[PDB]
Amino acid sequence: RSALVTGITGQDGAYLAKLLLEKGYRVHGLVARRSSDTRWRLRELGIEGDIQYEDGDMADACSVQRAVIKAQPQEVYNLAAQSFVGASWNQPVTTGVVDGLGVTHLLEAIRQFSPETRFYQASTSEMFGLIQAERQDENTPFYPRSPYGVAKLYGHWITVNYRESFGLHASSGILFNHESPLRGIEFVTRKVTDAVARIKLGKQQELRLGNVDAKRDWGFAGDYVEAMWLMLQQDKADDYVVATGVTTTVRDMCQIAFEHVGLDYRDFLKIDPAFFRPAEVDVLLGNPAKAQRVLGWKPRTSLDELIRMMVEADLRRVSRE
């Protein structure tokens, strides 16, 4: 029972790897070459030594092919990506190559070497961007609002196309924002909790955010990776929206974070235009009805609980510096 997880050093890769290991999977994690060790998330989950690392890059089709061949995975989870919207306008090509073509690279590796391996594409609610429905489900028309959303949209559709064109068991998980103590510092939730922690510990004096009016459906990565796995356990591949069904403004989330340490965010929050987006996704609100009905998946961790554990995690990290 082998699984190839790209983006294994990322937030989801860590939680998914952990989940896969508990299920007896030999977990192969595709790791891009970095100048320094980037496996802290895997160590945080205590599974860094339980993964068979595959040296490769999503932009290098050959290395992706090689990793698939070496892993002989029954399941492939494509979590590798330039996953930050905030960087997609600066590097729209790498975003498209990695998040879009990278999917094709994996699908091709699968199609040409082991068409039976099940594939999971890490699609995103960002694809709904300018939401065409108050609550977005699998049938809500997509409307990407960033090179990231567009690249992912490509990733989503190419996955669907390979499923439909070759009968590949390829599924696109349209996951809405999910955070955790492993959430990248680039994302608003981790940025906030990290700031709250440093502010609380007197190592920081302010928190600079952009659009605090943006509404996000935030879930726990730990819960979401379960949906990914469940998706690949289905006999027939399909796409599913995975979300909490609850959307919150960055402001309130920010308030939740500071309040958790007895602070008033208003005392440190500073709106900085440098963090505004060229084309904003004002609100995301997912409808995971299909996932609950078919996968039996449902979110367990609420935003409050999520922010709490993140703040706690960052308080521990900051206090250890």
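Residue positions are given as counts along the sequence shown, with the first one as 1.
In this entry, 201-209 has the higher mean Cα B-factor, the comparison being between 173-181 and 201-209. The PDB entry reports B-factors from which the mean C-alpha value can be compared for 18-26 and 299-307; the larger average falls on 299-307.
Looking only at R111, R118, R163, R135, the residue with the top Cα B factor in the deposited structure is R135.
Remark: of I69, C62, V31, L269, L269 shows the highest value [criterion: C-alpha B-factor in the PDB entry]. Annotation for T248: C-alpha temperature factor in the highest third relative to the rest of the modelled chain, per the entry. Remark: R190 belongs to the middle third of its chain, ranked by C-alpha B-factor as recorded. Annotation for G56: C-alpha temperature factor in the lowest third relative to the rest of the modelled chain, per the entry. Split the chain's modelled residues into thirds by C-alpha temperature factor. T6 is in the lowest one.
Among the modelled residues of its chain, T95 has a C-alpha B-factor that falls in the lowest third, as given in the PDB entry.
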